[PDB]
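The chain that follows stands alone, in the form deposited in one PDB entry, written as structure tokens.
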């Protein structure tokens, strides 16, 4: 048990904890920069969390345990002068030009610069930014004129994915962050999940922009531009318009998209119901064929890359149903012309995703048919927010509108896709009706929901028991495989999401500062919007989507065979054996 003095205030406590956490718990202000996800930059501490421990001197509060007898001052002249000096030294390596910067409104560094009134000793004005910028990836971009070498991306990659695809590198004697051997991230084991972006306090890591693709299509006279947003966008984008957390902004988005000039307003949740139609049918086919088991979901492109890069032997076990993005895009170039008269070559299909890996998915060479891409552009939640703001659209004051129904209606099963276990729950609702030839009333699968990293359940389908697992985060996929859990029982159907919490925590999502992350459970609060939609929607099974039923009846035929299997499916194949590697 210990007695601590902080700024003249005595505390008696038996906690073993850092100075930073104790102070934050007790409403004592201490700044921090490189501390995130319970780690700081061990090899280059930022020291923004400096406090004074009398008799010891200046210490980093984020990684120093409280001890009995400690006398701590967090706000003395020596403390503030040290912190201001560290910020000044960061300004010496930082192109401090906030005007055009993509983190201008929510940058953690600018906040600290303002708080400590810090100024560079010599302004950093690189004349040739070409050498600092890497835009080679289909998903990520790096601007090292902004990089603080705080290490948050390196730490976040290891924690979220355990790939360590984000590394410190020695480039010509100086330290940078980047991919293995300074390669393009796409050419490495990187998942392109963008958790590194989410962890970055500044504009050093970003998504690969598709905004010019979209603007050029909107302005082209002959192009008919469809837009469709992912489940998670409607639960998240309001954060960037000062509306707070957990706000359902679906109807405002539809209105904003119309004001941006898009020609048709659809919804990827329609694609989610499509994916369930194909994937639940496939699961039932596998049950009747007594294999092959397990089936894995195939809708998360971060997981697909993880399987390609680390578990190629599982590729044959992935469901062949395209992801909602790609299945929707395929239908947008085939079914949609059939009900509209549009020339398929003039359709330009844009999605809004919470995800950077979806850009790589959309750009895969074979994601096209008859020369027409399934998906022509993917913009992140952050990109859509900037597009709205650039157009001076008053998002928070917009009236609600509706999607165009033909590829815009969605069931409550599609609505929950963006949360971990959502795909599993949605798929079970259709699979059990399909296999039992029934219209079952009990449709809620709460046992697969929530933030546990590995969630297993036994389910009864047509009077048999099957084992399902929901793998929640790429690091948890490694744990499930490396620990042998995949062999502890026979699994039949496994959902994998690369981002812990599901797509609501994807790499294209609004940044959240560390203090808000402590006060708000962002993964739960964003997901709550989706579960709330499902609870109150009339149709809660994908196969009850009336517009989807019409599309299958009039165009595709039966799911899982014939034309539907021919055009709505995509199989990944391992590389053939060769030597060397």
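Under this definition, the rigid core comprises the largest set of C-alpha atoms superposing within 1.5 Å between the forms. Residue numbers count along the first chain shown, from 1.
Mean CA B-factor, 46 to 54 versus 65 to 73: the higher value falls on 65 to 73.
Judged by mean Cα B factor in the deposited record, 428 to 436 ranks above the other of 317 to 325 and 428 to 436. Highest CA B-factor among 138, 500, 465, 223, as stated in the entry: 465. Between the residues 144, 171, 364, 305, it is 171 that shows the highest Cα B-factor in the PDB record.
When the CA B factors of the chain's modelled residues are split into thirds, the value for residue 35 lands in the lowest one.
Per-chain ranking of the deposited C-alpha B factor places residue 402 in the highest third. Annotation for residue 117: CA B-factor lies in the highest third of the chain's modelled residues. Split the chain's modelled residues into thirds by C-alpha temperature factor. Residue 394 is in the highest one. Looking at the C-alpha B-factors along this chain, the one for residue 130 belongs to the highest third.
Not pictured, yet referred to below: the form deposited in another entry.
Once the two forms are fitted on their rigid core, between the shown form and the other one the CA displacement reaches 2 Å or more only for 67 among 67, 516, 42, 535.
In the core-superposed comparison between the shown form and the other one, residue 566 has its Cα shifted by less than 2 Å.
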